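As structure tokens, the structure follows; a few thoughts come after it.
Start at 1 with the first residue, then count along the sequence. Start at 1 and go down the list; that is how both ligands and their atoms are numbered.
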Amino acid sequence: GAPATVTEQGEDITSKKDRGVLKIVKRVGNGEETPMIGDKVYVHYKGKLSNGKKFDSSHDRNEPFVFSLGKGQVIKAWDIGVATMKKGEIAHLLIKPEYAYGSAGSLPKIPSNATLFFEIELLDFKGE
Ligand SMILES: COc1cc2cc(c1OC)OCC[C@@H](C)n1cc(nn1)CCCOC(=O)[C@@H]1CCCCN1C(=O)[C@H]2C1CCCCC1
């Protein structure tokens with residue numbers, strides 16, 4: 001399903017073109033602006049290890065997930081991927097460990113060398 005679809009069909013949005021972050025737009029957003037470093041960004045997300053174990057979602061907290069883009073508050077892949085999204089867009093990202101939690105991982109939630117999958121909906125973003 002979704003992770004394999006991104007493997008097969010996703011755009012490589014990395015500067016190095018190492019397939020570290022692959023993206024499919026699932027629902028098109030509105031407007032010309034995309035988030036820039038420093039912006040406060042508001043999202044809903046569903047995430048999981050690509051091996052389907054551990055499913056984490058903002059809905060569990062009954063509240064949007066808010067972060068500042070580029071401020072080291074989220075994994076590199078989010079900084080890269082959310083900067084490509086329009087307001088209202090829903091996208092799927094598939095992420096190699098070098099753009100997430102690497103060889104160390106982040107136990108107990110994230111093992112070493114983990115590939116991650118997210119669905120992200122961009123709700124809003126505001127300038128610092
Ligand atoms: C490695 O630790 C975790 C990883 C992830 C979630 C974690 C977490 O423990 C802190 O808590 C979820 C609760 C929520 C309100 N929240 C989100 C963050 N901190 N608290 C942000 C923490 C860092 O997360 C990220 O950079 C990414 C993108 C933003 C959304 C959360 N992310 C995760 O890596 C998830 C992880 C997704 C894959 C399945 C397991 C959880």
*Mind running side chain to side chain contact (heavy atoms under 4.5 Å, CB included) on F117 and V6 for me, showing each step along the way?*
CA-CA 9 Å; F117 170 83; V6 175; 4.2 Å; yes
Taking only heavy atoms of [X] into account, list the atoms of ligand 1 that are under 4.0 Å away from them.
{"X": "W78", "result": "28 (C), 29 (C), 30 (C)"}
{"X": "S106", "result": "1 (C)"}
{"X": "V74", "result": "26 (O), 29 (C)"}

Ligand 1-proximal atoms of [X], by part, heavy-atom distance under 4.0 Å:
{"X": "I75", "value": "both"}
{"X": "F67", "value": "neither"}
{"X": "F55", "value": "neither"}

*Spacing of NZ belonging to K48 relative to CG belonging to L116, to within rounding of 0.5 Å*: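 Reported to 0.5 Å precision, the distance equals 11.5 Å.
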Tell me the closest heavy-atom pair linking [X] and [Y], and the distance in Å.
{"X": "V41", "Y": "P35", "result": "CG2-CB, 4.1 Å"}
{"X": "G70", "Y": "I37", "result": "CA-CG2, 4.4 Å"}
{"X": "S112", "Y": "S103", "result": "OG-O, 2.6 Å"}
{"X": "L122", "Y": "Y42", "result": "CD1-O, 3.7 Å"}

*asked:* For the 3.5 Å polar cut-off, considering only N or O atoms, please tell me whether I110 and ligand 1 meet it.
replied: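 Between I110 and ligand 1 (N or O atoms, distance only) the closest approach is not under 3.5 Å.
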*Can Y101 be said to touch ligand 1, with heavy atoms closer than 4.0 Å?*
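The answer is yes, since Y101 has a heavy atom less than 4.0 Å from ligand 1.
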